[PDB]
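Working notes, beginning with the structure itself.
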Amino acid sequence: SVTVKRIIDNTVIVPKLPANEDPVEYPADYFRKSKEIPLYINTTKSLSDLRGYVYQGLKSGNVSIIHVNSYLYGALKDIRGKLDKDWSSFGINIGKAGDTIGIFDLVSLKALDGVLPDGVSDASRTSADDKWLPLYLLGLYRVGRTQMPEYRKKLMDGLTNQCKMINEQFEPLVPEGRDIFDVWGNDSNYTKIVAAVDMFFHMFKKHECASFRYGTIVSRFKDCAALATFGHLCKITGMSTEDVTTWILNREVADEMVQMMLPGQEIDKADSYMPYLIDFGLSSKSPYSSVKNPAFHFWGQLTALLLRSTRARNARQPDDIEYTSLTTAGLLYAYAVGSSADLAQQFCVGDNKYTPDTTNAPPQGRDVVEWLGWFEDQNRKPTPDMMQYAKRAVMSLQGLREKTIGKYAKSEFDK
Amino acid sequence: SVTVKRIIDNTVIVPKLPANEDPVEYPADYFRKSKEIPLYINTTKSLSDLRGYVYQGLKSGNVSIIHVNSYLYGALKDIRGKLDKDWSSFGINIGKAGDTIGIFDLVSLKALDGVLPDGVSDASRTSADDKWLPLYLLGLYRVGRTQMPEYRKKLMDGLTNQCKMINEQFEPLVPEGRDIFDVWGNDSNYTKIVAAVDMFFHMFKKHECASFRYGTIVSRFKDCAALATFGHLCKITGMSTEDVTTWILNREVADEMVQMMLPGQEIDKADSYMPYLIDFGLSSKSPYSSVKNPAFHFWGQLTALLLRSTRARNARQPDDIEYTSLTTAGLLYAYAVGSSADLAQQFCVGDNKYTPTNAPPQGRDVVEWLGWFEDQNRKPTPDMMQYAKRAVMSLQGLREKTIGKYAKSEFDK
Amino acid sequence: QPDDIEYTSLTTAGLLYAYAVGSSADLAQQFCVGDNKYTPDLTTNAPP
């Protein structure tokens, strides 16, 4: 299929189509350039000064993001953690056992000049500070990431945590739609702080100020869906990471799987930089995103939906993937795991079922080959029971948003 | 069928019908005339002066487009990019590796006289400039291209990006229907700037000011649908670009396909001028438009709809194409790809499945299938008809004159 | 719908022409990779 000719006049035609690139970029294949993560807190005025600027700037739609960065740096050197063991990652040697380290032991610089209001913008605010002002500012990042009315949901919830240890309350004013302090997420230095805070308190899960992670969390594995819809597929099929892989049955899902699994990235490592590859600015395009893994996403999510996932009803249905072959491949996989359950004596009182005592009736376990063979036999065209199976798994779902793999599934199987 | 006679009196009739032309025009078959793309920034007053003219003219329905062109030229010579490799296109040698180039390294001239308000139209605005005023002005191009209430959608969205690195509200006033600053798109020199900005930041995807592409993007592949519904059809059938072509089954779709594929146009080239063939005024009628590719459009889009495209529910249904034969041809193609999956073991642990009348073909070969269709009376079976029904029933929110509303009316009943 | 035309015969004449063009499509391989369906490989009353 390299050379295409046109029958009627026997001339050559050369089917090409527009380019398309932006490669992904991996964590490791970055620390091979720079070996530090730069945090441009440009300015160091005064913590007290800053405490004020914000406190007020916060009852107004024009608190400067260069200020909060500085208040946070200001309020957050509780260099307040002791490594019980070593800490490394991608070469970068964070610390060594017994040691004492603090959040910003991830590489601070400073830069460009003129900051906004001067001196002391209200001297009234006191050391109600490390207590709650930071936690609130960090919390806001999380509330910023969502567009939907669930936002003032996380806000209501995400404002009762300051009440803790100090009782506080609300500050802003305006609604959302990314505008009130949502630009915050776009400040390359704001994220580097929320990322370092989350990462720090992942290591010292036990700390008193560990509470901060409230809004600092959704930083972890940002733009890393696929590589975690994958662990959800494992959990829901009760299969092993290696057995799941074998059941991948389409070129792209396989291509995509390799992509995510390429070694030396510490994806499986306890506390590494990798989860934060996006907010530390380690990577601009994520190898682990549900957008560079569209087939693996539709596949793994459709499959989990058939297997009774609730999480999956509301996954979004990628465009420009091969829908029909992808779904059949997931029906097969769902039907395998679904019919041949999981059944097996585990405890006994001296007696126990020693188990290993028609054609066209489907395979006994969950081997990719036995099943692939039975499907060959069936005309590589799904039986009316595995089709009935799908129907029973999607009929009786409701509240289905447009363009979710759930609304996709019910339209395709319920009728 | 050259000579038609009329039986009853045996005289000759000569069926002719009204003319119709405007050929397309290709990129390459243009740089064979001129070898430069002229950007008539007529005037050069002062950047500071200009910064003002706009800032005010913007809180009013009469800022002159000759002014924004100039403010932009003014604010945009961040000659701020280094070629890691060579850059060429259609002969025109943009630069050479290691080099430093800036946006307007695509051929500036100047012309005709008298400009509008003089001197300094408010001296108050400061160097809040390269920061955001341009990005906003460019942004507007995008908001201008749409007629539907989704416009103030892109505007809401498209105004939060200035907040970034600077922050402060929206300028205009009036609603749109092409009038408030939508005439902007019609300024031959405005487009040439938005095109050169987009093209420049496509090459240096990594730049700090690359953010500008927010509204500068929908310039790329403007009036170039077909030649990209085509890649969408490939993606959605999992087939190769060459294998898809073989499944073209009607004269015009084939004619149209040749048209788009004619060589020496850099359509497949990384960063070329071609995507902008329309806004650089390289071409007035596009070879790659869904209007000079109406059959290839109906075909590829109908087919992709049957295969579950969401993108395609809302494609518009061309007029003056051969509907019945085109759809059947797409049903066949959809039914092929649809029934016979491309399953196949991809990973294993030492063991793996060694895989190898009137019931349809095993794979997706154009010939096996064409033969099975011959056998079936070249009149689609009642399953492939049931197939189509399951792919269209249960669609809703269907706009009039989309290939989606076309499909559901044709198959759901 | 014009008046003073012969409706019944005109419509039948158009049904025939629509039914022709409608049932028998104009399928035919257009592109190939070295292989292509050489097409010209019921009894009665089944239409042309």
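Going by the structure tokens order, chains are called A, B, ..., each with residues numbered from 1, while ligands are numbered from 1 in the order shown.
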Residue A:246: which residues within 12 Å, counting only C-alpha atoms, same-chain residues fewer than 4 positions away excluded, as a PDB file with N, CA, C and O atoms, in the first residue's frame?
```pdb
ATOM      1  N   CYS A 234      -7.219  -2.408  36.157  1.00  0.00           N
ATOM      2  CA  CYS A 234      -6.658  -3.567  36.848  1.00  0.00           C
ATOM      3  C   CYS A 234      -7.543  -3.901  38.031  1.00  0.00           C
ATOM      4  O   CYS A 234      -8.001  -5.024  38.156  1.00  0.00           O
ATOM      5  N   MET A 239      -7.515  -8.466  37.653  1.00  0.00           N
ATOM      6  CA  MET A 239      -6.358  -9.039  36.969  1.00  0.00           C
ATOM      7  C   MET A 239      -5.030  -8.357  37.361  1.00  0.00           C
ATOM      8  O   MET A 239      -5.004  -7.356  38.078  1.00  0.00           O
ATOM      9  N   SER A 240      -3.922  -8.926  36.901  1.00  0.00           N
ATOM     10  CA  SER A 240      -2.604  -8.415  37.237  1.00  0.00           C
ATOM     11  C   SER A 240      -2.228  -7.384  36.222  1.00  0.00           C
ATOM     12  O   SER A 240      -2.791  -7.321  35.128  1.00  0.00           O
ATOM     13  N   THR A 241      -1.239  -6.583  36.565  1.00  0.00           N
ATOM     14  CA  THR A 241      -0.882  -5.521  35.661  1.00  0.00           C
ATOM     15  C   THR A 241      -0.436  -6.132  34.335  1.00  0.00           C
ATOM     16  O   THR A 241      -0.688  -5.583  33.259  1.00  0.00           O
ATOM     17  N   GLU A 242       0.186  -7.304  34.421  1.00  0.00           N
ATOM     18  CA  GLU A 242       0.783  -7.950  33.255  1.00  0.00           C
ATOM     19  C   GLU A 242      -0.264  -8.669  32.454  1.00  0.00           C
ATOM     20  O   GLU A 242      -0.195  -8.689  31.238  1.00  0.00           O
ATOM     21  N   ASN A 250      -5.729  -3.786  20.166  1.00  0.00           N
ATOM     22  CA  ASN A 250      -5.641  -2.890  19.003  1.00  0.00           C
ATOM     23  C   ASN A 250      -4.348  -2.067  18.925  1.00  0.00           C
ATOM     24  O   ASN A 250      -3.843  -1.581  19.926  1.00  0.00           O
ATOM     25  N   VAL A 253      -3.995   1.196  21.076  1.00  0.00           N
ATOM     26  CA  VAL A 253      -4.003   0.974  22.501  1.00  0.00           C
ATOM     27  C   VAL A 253      -2.657   0.389  22.898  1.00  0.00           C
ATOM     28  O   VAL A 253      -2.099   0.734  23.935  1.00  0.00           O
ATOM     29  N   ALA A 254      -2.113  -0.470  22.045  1.00  0.00           N
ATOM     30  CA  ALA A 254      -0.786  -1.020  22.296  1.00  0.00           C
ATOM     31  C   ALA A 254       0.292   0.047  22.170  1.00  0.00           C
ATOM     32  O   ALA A 254       1.118   0.175  23.057  1.00  0.00           O
ATOM     33  N   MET A 257       0.110   2.186  25.102  1.00  0.00           N
ATOM     34  CA  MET A 257       0.544   1.526  26.324  1.00  0.00           C
ATOM     35  C   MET A 257       2.054   1.567  26.457  1.00  0.00           C
ATOM     36  O   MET A 257       2.592   1.778  27.539  1.00  0.00           O
ATOM     37  N   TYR A 333     -13.414  -8.273  26.196  1.00  0.00           N
ATOM     38  CA  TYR A 333     -12.678  -8.248  27.460  1.00  0.00           C
ATOM     39  C   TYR A 333     -13.600  -8.169  28.663  1.00  0.00           C
ATOM     40  O   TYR A 333     -13.348  -8.776  29.708  1.00  0.00           O
ATOM     41  N   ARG A 366      -9.754 -16.761  31.851  1.00  0.00           N
ATOM     42  CA  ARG A 366      -9.573 -15.448  31.255  1.00  0.00           C
ATOM     43  C   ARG A 366      -8.267 -15.363  30.480  1.00  0.00           C
ATOM     44  O   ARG A 366      -7.525 -14.389  30.596  1.00  0.00           O
ATOM     45  N   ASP A 367      -7.959 -16.382  29.697  1.00  0.00           N
ATOM     46  CA  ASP A 367      -6.758 -16.304  28.892  1.00  0.00           C
ATOM     47  C   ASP A 367      -7.051 -15.643  27.562  1.00  0.00           C
ATOM     48  O   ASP A 367      -7.998 -15.994  26.861  1.00  0.00           O
ATOM     49  N   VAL A 368      -6.213 -14.672  27.235  1.00  0.00           N
ATOM     50  CA  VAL A 368      -6.356 -13.874  26.031  1.00  0.00           C
ATOM     51  C   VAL A 368      -6.408 -14.726  24.768  1.00  0.00           C
ATOM     52  O   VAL A 368      -6.984 -14.312  23.754  1.00  0.00           O
ATOM     53  N   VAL A 369      -5.785 -15.905  24.824  1.00  0.00           N
ATOM     54  CA  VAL A 369      -5.666 -16.744  23.646  1.00  0.00           C
ATOM     55  C   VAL A 369      -6.875 -17.635  23.522  1.00  0.00           C
ATOM     56  O   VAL A 369      -7.522 -17.669  22.476  1.00  0.00           O
ATOM     57  N   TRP A 371      -9.672 -17.120  24.460  1.00  0.00           N
ATOM     58  CA  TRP A 371     -10.811 -16.260  24.154  1.00  0.00           C
ATOM     59  C   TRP A 371     -10.755 -15.732  22.744  1.00  0.00           C
ATOM     60  O   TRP A 371     -11.757 -15.690  22.033  1.00  0.00           O
ATOM     61  N   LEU A 372      -9.565 -15.332  22.348  1.00  0.00           N
ATOM     62  CA  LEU A 372      -9.357 -14.855  21.002  1.00  0.00           C
ATOM     63  C   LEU A 372      -9.726 -15.934  19.986  1.00  0.00           C
ATOM     64  O   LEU A 372     -10.256 -15.629  18.910  1.00  0.00           O
TER      65      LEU A 372
ATOM     66  N   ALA B 344      -6.649  -8.563  17.466  1.00  0.00           N
ATOM     67  CA  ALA B 344      -5.394  -9.247  17.215  1.00  0.00           C
ATOM     68  C   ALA B 344      -4.560  -9.087  18.441  1.00  0.00           C
ATOM     69  O   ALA B 344      -4.274  -7.962  18.834  1.00  0.00           O
ATOM     70  N   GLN B 345      -4.166 -10.207  19.036  1.00  0.00           N
ATOM     71  CA  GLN B 345      -3.280 -10.194  20.184  1.00  0.00           C
ATOM     72  C   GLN B 345      -2.086  -9.252  19.960  1.00  0.00           C
ATOM     73  O   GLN B 345      -1.497  -9.242  18.875  1.00  0.00           O
ATOM     74  N   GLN B 346      -1.739  -8.458  20.980  1.00  0.00           N
ATOM     75  CA  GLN B 346      -0.611  -7.523  20.887  1.00  0.00           C
ATOM     76  C   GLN B 346       0.499  -7.829  21.889  1.00  0.00           C
ATOM     77  O   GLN B 346       1.672  -7.613  21.600  1.00  0.00           O
ATOM     78  N   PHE B 347       0.120  -8.330  23.062  1.00  0.00           N
ATOM     79  CA  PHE B 347       1.091  -8.813  24.048  1.00  0.00           C
ATOM     80  C   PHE B 347       0.849 -10.280  24.491  1.00  0.00           C
ATOM     81  O   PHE B 347      -0.271 -10.795  24.377  1.00  0.00           O
ATOM     82  N   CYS B 348       1.892 -10.938  25.007  1.00  0.00           N
ATOM     83  CA  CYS B 348       1.784 -12.333  25.424  1.00  0.00           C
ATOM     84  C   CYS B 348       2.812 -12.707  26.492  1.00  0.00           C
ATOM     85  O   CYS B 348       3.797 -11.992  26.700  1.00  0.00           O
ATOM     86  N   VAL B 349       2.590 -13.846  27.149  1.00  0.00           N
ATOM     87  CA  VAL B 349       3.584 -14.411  28.075  1.00  0.00           C
ATOM     88  C   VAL B 349       4.151 -15.784  27.616  1.00  0.00           C
ATOM     89  O   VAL B 349       4.175 -16.742  28.394  1.00  0.00           O
ATOM     90  N   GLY B 350       4.612 -15.866  26.361  1.00  0.00           N
ATOM     91  CA  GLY B 350       5.096 -17.112  25.781  1.00  0.00           C
ATOM     92  C   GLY B 350       4.051 -17.848  24.957  1.00  0.00           C
ATOM     93  O   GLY B 350       4.405 -18.703  24.160  1.00  0.00           O
ATOM     94  N   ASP B 351       2.768 -17.531  25.151  1.00  0.00           N
ATOM     95  CA  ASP B 351       1.682 -18.134  24.360  1.00  0.00           C
ATOM     96  C   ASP B 351       0.834 -17.086  23.654  1.00  0.00           C
ATOM     97  O   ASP B 351       0.565 -16.029  24.213  1.00  0.00           O
ATOM     98  N   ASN B 352       0.406 -17.383  22.429  1.00  0.00           N
ATOM     99  CA  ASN B 352      -0.335 -16.410  21.632  1.00  0.00           C
ATOM    100  C   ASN B 352      -1.141 -17.006  20.487  1.00  0.00           C
ATOM    101  O   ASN B 352      -0.707 -17.947  19.832  1.00  0.00           O
ATOM    102  N   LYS B 353      -2.306 -16.431  20.234  1.00  0.00           N
ATOM    103  CA  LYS B 353      -3.227 -16.988  19.253  1.00  0.00           C
ATOM    104  C   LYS B 353      -2.685 -16.863  17.836  1.00  0.00           C
ATOM    105  O   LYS B 353      -2.646 -15.778  17.266  1.00  0.00           O
TER     106      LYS B 353
END
```
Would you mind listing what lies within 9 Å of stretch 16-30 of chain C as a list in words, with only C-alpha atoms counted and same-chain residues fewer than 5 positions away left out?
residues 5, 6, 7 and 8 of chain A; 245, 246, 247, 248, 249, 250, 251, 254, 324, 325, 326, 328, 329, 366, 367, 370, 377, 378 and 379 of chain B; 11, 36, 37, 39, 47 and 48 of chain C
Contact check, chain A to chain C, at most 12 Å, counting only C-alpha atoms, closest pairs as a Markdown table:
```
| residue | atom | partner | partner_atom | distance |
| --- | --- | --- | --- | --- |
| A:1 | CA | C:33 | CA | 5.3 |
| A:2 | CA | C:33 | CA | 7.5 |
| A:3 | CA | C:33 | CA | 6.2 |
| A:4 | CA | C:33 | CA | 5.2 |
| A:5 | CA | C:32 | CA | 6.0 |
| A:6 | CA | C:31 | CA | 5.0 |
| A:7 | CA | C:30 | CA | 6.2 |
| A:8 | CA | C:30 | CA | 7.6 |
| A:9 | CA | C:30 | CA | 10.3 |
| A:10 | CA | C:31 | CA | 9.6 |
| A:11 | CA | C:31 | CA | 10.2 |
| A:12 | CA | C:31 | CA | 9.6 |
| A:13 | CA | C:31 | CA | 8.7 |
| A:14 | CA | C:31 | CA | 10.8 |
| A:15 | CA | C:31 | CA | 10.6 |
```
Same residues, C-alpha atoms, saved as a CSV table (one decimal), in the first residue's frame:
```csv
chain,number,residue,atom,x,y,z
A,1,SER,CA,0.0,0.0,0.0
A,2,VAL,CA,2.8,2.5,-0.7
A,3,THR,CA,1.9,3.3,-4.3
A,4,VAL,CA,-1.6,4.1,-5.4
A,5,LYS,CA,-2.6,4.3,-9.0
A,6,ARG,CA,-5.9,5.4,-10.5
A,7,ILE,CA,-7.5,2.8,-12.7
A,8,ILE,CA,-9.3,4.9,-15.3
A,9,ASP,CA,-6.2,6.7,-16.6
A,10,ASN,CA,-3.5,4.7,-14.7
A,11,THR,CA,-1.9,7.8,-13.2
A,12,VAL,CA,-0.3,8.0,-9.8
A,13,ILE,CA,-1.9,9.7,-6.8
A,14,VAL,CA,-0.1,10.4,-3.6
A,15,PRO,CA,-2.4,10.4,-0.6
```
Check every residue of chain B for an atom within 7 Å of chain A, counting only C-alpha atoms, and provide those that qualify as a ChimeraX atom specification.
/B:160,163-164,227-228,231-232,235-238,241-243,258,261,267-270,307-308,338-348,352-353,394
Generate a file of the selected residues that holds N, CA, C and O atoms, formatted as a CSV table (one decimal), in the first residue's frame.
```
chain,number,residue,atom,x,y,z
B,160,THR,N,-9.7,35.9,29.3
B,160,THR,CA,-9.0,35.5,30.6
B,160,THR,C,-7.5,35.3,30.4
B,160,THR,O,-6.8,35.1,31.3
B,163,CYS,N,-5.6,38.6,31.3
B,163,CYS,CA,-5.5,38.6,32.8
B,163,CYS,C,-4.1,38.0,33.2
B,163,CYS,O,-3.5,38.5,34.1
B,164,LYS,N,-3.7,37.0,32.4
B,164,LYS,CA,-2.4,36.4,32.5
B,164,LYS,C,-1.3,37.4,32.3
B,164,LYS,O,-1.2,38.0,31.2
B,227,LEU,N,-9.5,18.5,3.1
B,227,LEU,CA,-8.2,18.0,3.3
B,227,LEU,C,-7.8,17.7,4.7
B,227,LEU,O,-6.7,17.6,5.1
B,228,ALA,N,-8.8,17.6,5.6
B,228,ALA,CA,-8.6,17.4,7.0
B,228,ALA,C,-9.8,16.6,7.6
B,228,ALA,O,-9.7,16.1,8.7
B,231,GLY,N,-8.2,13.4,7.0
B,231,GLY,CA,-7.4,12.8,8.1
B,231,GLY,C,-8.2,12.3,9.2
B,231,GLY,O,-7.8,11.4,10.0
B,232,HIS,N,-9.4,12.8,9.3
B,232,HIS,CA,-10.3,12.4,10.4
B,232,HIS,C,-10.9,11.1,10.1
B,232,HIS,O,-11.2,10.3,10.9
B,235,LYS,N,-8.3,8.5,10.8
B,235,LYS,CA,-8.2,8.2,12.2
B,235,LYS,C,-9.3,7.3,12.7
B,235,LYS,O,-9.1,6.5,13.6
B,236,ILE,N,-10.5,7.5,12.2
B,236,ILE,CA,-11.7,6.9,12.7
B,236,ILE,C,-12.0,5.5,12.2
B,236,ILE,O,-12.7,4.7,12.8
B,237,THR,N,-11.4,5.2,11.0
B,237,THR,CA,-11.4,3.9,10.5
B,237,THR,C,-10.2,3.1,10.8
B,237,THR,O,-10.0,1.9,10.4
B,238,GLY,N,-9.2,3.7,11.4
B,238,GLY,CA,-7.9,3.0,11.7
B,238,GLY,C,-7.2,2.5,10.5
B,238,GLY,O,-6.2,1.8,10.6
B,241,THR,N,-3.6,6.0,5.1
B,241,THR,CA,-4.0,7.0,4.2
B,241,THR,C,-4.2,6.4,2.8
B,241,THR,O,-5.1,6.8,2.0
B,242,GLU,N,-3.4,5.4,2.4
B,242,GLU,CA,-3.4,4.8,1.1
B,242,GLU,C,-4.6,3.8,1.0
B,242,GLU,O,-5.2,3.7,-0.1
B,243,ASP,N,-4.9,3.1,2.1
B,243,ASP,CA,-6.0,2.2,2.1
B,243,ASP,C,-7.4,2.9,2.1
B,243,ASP,O,-8.3,2.4,1.4
B,258,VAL,N,-8.0,13.6,-6.1
B,258,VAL,CA,-6.9,14.0,-6.9
B,258,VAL,C,-6.6,15.4,-6.7
B,258,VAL,O,-5.4,15.8,-6.5
B,261,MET,N,-4.8,16.2,-3.7
B,261,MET,CA,-3.5,15.5,-3.5
B,261,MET,C,-2.4,15.9,-4.5
B,261,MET,O,-1.2,15.6,-4.3
B,267,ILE,N,1.6,20.2,1.5
B,267,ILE,CA,0.5,19.9,2.4
B,267,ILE,C,1.0,19.0,3.6
B,267,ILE,O,0.5,19.2,4.7
B,268,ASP,N,1.9,18.2,3.3
B,268,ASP,CA,2.4,17.3,4.3
B,268,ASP,C,3.6,17.8,5.0
B,268,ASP,O,4.2,17.2,6.0
B,269,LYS,N,4.1,19.0,4.6
B,269,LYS,CA,5.3,19.6,5.2
B,269,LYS,C,5.1,20.2,6.5
B,269,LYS,O,4.0,20.7,6.8
B,270,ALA,N,6.1,20.1,7.4
B,270,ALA,CA,6.0,20.6,8.8
B,270,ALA,C,5.5,22.0,8.9
B,270,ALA,O,4.3,22.2,9.1
B,307,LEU,N,-19.6,5.6,11.7
B,307,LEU,CA,-18.6,5.0,12.5
B,307,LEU,C,-18.5,5.6,13.9
B,307,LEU,O,-17.5,5.4,14.6
B,308,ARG,N,-19.5,6.4,14.2
B,308,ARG,CA,-19.6,7.0,15.6
B,308,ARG,C,-18.8,8.4,15.8
B,308,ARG,O,-18.6,8.8,17.0
B,338,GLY,N,-17.1,-1.6,10.2
B,338,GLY,CA,-17.9,-1.7,11.4
B,338,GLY,C,-18.0,-3.1,11.9
B,338,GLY,O,-17.9,-3.4,13.1
B,339,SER,N,-18.3,-4.1,11.0
B,339,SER,CA,-18.6,-5.4,11.4
B,339,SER,C,-17.3,-6.2,11.6
B,339,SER,O,-17.1,-6.8,12.7
B,340,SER,N,-16.3,-6.2,10.7
B,340,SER,CA,-15.1,-6.8,10.9
B,340,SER,C,-14.0,-6.0,11.6
B,340,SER,O,-13.3,-5.2,11.0
B,341,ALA,N,-14.0,-6.1,12.9
B,341,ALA,CA,-13.0,-5.4,13.7
B,341,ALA,C,-11.6,-5.7,13.3
B,341,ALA,O,-11.4,-6.5,12.4
B,342,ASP,N,-10.6,-5.0,13.9
B,342,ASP,CA,-9.2,-5.4,13.7
B,342,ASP,C,-8.6,-5.8,15.1
B,342,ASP,O,-7.6,-5.3,15.5
B,343,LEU,N,-9.3,-6.7,15.8
B,343,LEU,CA,-8.7,-7.4,16.9
B,343,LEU,C,-7.4,-8.1,16.5
B,343,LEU,O,-7.1,-8.3,15.3
B,344,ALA,N,-6.6,-8.6,17.5
B,344,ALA,CA,-5.4,-9.2,17.2
B,344,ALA,C,-4.6,-9.1,18.4
B,344,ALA,O,-4.3,-8.0,18.8
B,345,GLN,N,-4.2,-10.2,19.0
B,345,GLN,CA,-3.3,-10.2,20.2
B,345,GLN,C,-2.1,-9.3,20.0
B,345,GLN,O,-1.5,-9.2,18.9
B,346,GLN,N,-1.7,-8.5,21.0
B,346,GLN,CA,-0.6,-7.5,20.9
B,346,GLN,C,0.5,-7.8,21.9
B,346,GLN,O,1.7,-7.6,21.6
B,347,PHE,N,0.1,-8.3,23.1
B,347,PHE,CA,1.1,-8.8,24.0
B,347,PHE,C,0.8,-10.3,24.5
B,347,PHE,O,-0.3,-10.8,24.4
B,348,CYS,N,1.9,-10.9,25.0
B,348,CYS,CA,1.8,-12.3,25.4
B,348,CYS,C,2.8,-12.7,26.5
B,348,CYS,O,3.8,-12.0,26.7
B,352,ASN,N,0.4,-17.4,22.4
B,352,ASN,CA,-0.3,-16.4,21.6
B,352,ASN,C,-1.1,-17.0,20.5
B,352,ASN,O,-0.7,-17.9,19.8
B,353,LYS,N,-2.3,-16.4,20.2
B,353,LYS,CA,-3.2,-17.0,19.3
B,353,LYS,C,-2.7,-16.9,17.8
B,353,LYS,O,-2.6,-15.8,17.3
B,394,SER,N,-31.2,7.6,18.2
B,394,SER,CA,-30.5,7.9,19.4
B,394,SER,C,-29.5,9.0,19.3
B,394,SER,O,-28.6,9.1,20.1
```
In Å, with one decimal, what is the gap from atom CA of residue B:195 to atom CA of residue B:175?
25.4 Å
May I ask which of the residues B:161, B:108, B:327, B:272 is the closest one to chain C, counting only C-alpha atoms?
B:327
Close residues, residue A:163 itself excluded, 12 Å, only C-alpha atoms, min 2 positions apart in chain, as a short mmCIF file (atom, residue, chain, number, x, y, z; two decimals) with N, CA, C and O atoms, in the first residue's frame:
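result_20.cif written:
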```cif
data_model
loop_
_atom_site.label_atom_id
_atom_site.label_comp_id
_atom_site.auth_asym_id
_atom_site.auth_seq_id
_atom_site.Cartn_x
_atom_site.Cartn_y
_atom_site.Cartn_z
N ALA A 128 -1.89 35.20 62.74
CA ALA A 128 -2.81 34.21 62.18
C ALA A 128 -2.52 33.66 60.79
O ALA A 128 -3.34 33.78 59.88
N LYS A 131 -0.88 29.47 60.30
CA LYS A 131 -2.09 28.82 60.77
C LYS A 131 -3.02 28.47 59.59
O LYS A 131 -3.49 27.33 59.49
N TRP A 132 -3.27 29.42 58.70
CA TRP A 132 -4.40 29.28 57.79
C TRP A 132 -4.39 30.09 56.49
O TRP A 132 -5.01 29.69 55.51
N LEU A 133 -3.73 31.25 56.47
CA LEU A 133 -3.73 32.08 55.26
C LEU A 133 -3.18 31.31 54.04
O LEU A 133 -3.81 31.33 52.97
N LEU A 135 -2.88 27.85 53.61
CA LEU A 135 -3.82 26.77 53.33
C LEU A 135 -5.00 27.25 52.48
O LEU A 135 -5.52 26.51 51.62
N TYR A 136 -5.43 28.48 52.74
CA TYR A 136 -6.54 29.08 52.01
C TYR A 136 -6.13 29.43 50.59
O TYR A 136 -6.84 29.13 49.63
N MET A 156 -17.27 25.62 49.53
CA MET A 156 -17.99 25.50 50.79
C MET A 156 -17.25 24.53 51.69
O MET A 156 -16.87 24.85 52.83
N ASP A 157 -17.03 23.34 51.16
CA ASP A 157 -16.24 22.33 51.84
C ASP A 157 -14.85 22.89 52.16
O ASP A 157 -14.38 22.86 53.30
N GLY A 158 -14.20 23.43 51.13
CA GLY A 158 -12.82 23.86 51.24
C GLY A 158 -12.59 25.16 51.98
O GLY A 158 -11.54 25.80 51.81
N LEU A 159 -13.56 25.54 52.80
CA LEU A 159 -13.43 26.72 53.64
C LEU A 159 -13.69 26.38 55.11
O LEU A 159 -13.53 27.21 56.00
N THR A 160 -14.06 25.13 55.36
CA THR A 160 -14.28 24.69 56.73
C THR A 160 -12.98 24.17 57.36
O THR A 160 -12.93 23.86 58.56
N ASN A 161 -11.94 24.09 56.55
CA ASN A 161 -10.66 23.55 57.01
C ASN A 161 -9.77 24.61 57.62
O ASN A 161 -8.75 24.31 58.26
N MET A 165 -8.43 25.04 63.86
CA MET A 165 -7.21 25.53 64.47
C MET A 165 -7.19 27.06 64.48
O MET A 165 -6.24 27.64 65.00
N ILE A 166 -8.23 27.69 63.91
CA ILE A 166 -8.35 29.17 63.95
C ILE A 166 -9.73 29.82 63.63
O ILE A 166 -9.90 31.02 63.84
N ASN A 167 -10.67 29.02 63.12
CA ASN A 167 -11.85 29.56 62.46
C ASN A 167 -11.54 30.83 61.67
O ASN A 167 -10.97 31.78 62.21
N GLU A 168 -11.92 30.83 60.40
CA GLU A 168 -11.64 31.96 59.52
C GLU A 168 -12.89 32.39 58.76
O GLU A 168 -13.91 32.74 59.36
N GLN A 169 -12.81 32.37 57.44
CA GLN A 169 -14.00 32.43 56.59
C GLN A 169 -13.65 32.91 55.19
O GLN A 169 -12.50 32.85 54.77
N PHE A 170 -14.66 33.38 54.46
CA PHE A 170 -14.51 33.70 53.04
C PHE A 170 -13.81 35.06 52.83
O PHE A 170 -13.60 35.80 53.79
#
```
Residues near residue B:97, cut-off 8 Å, only C-alpha atoms, skip fewer than 3 positions along chain, as a PyMOL selection string
chain B and resi 82-87
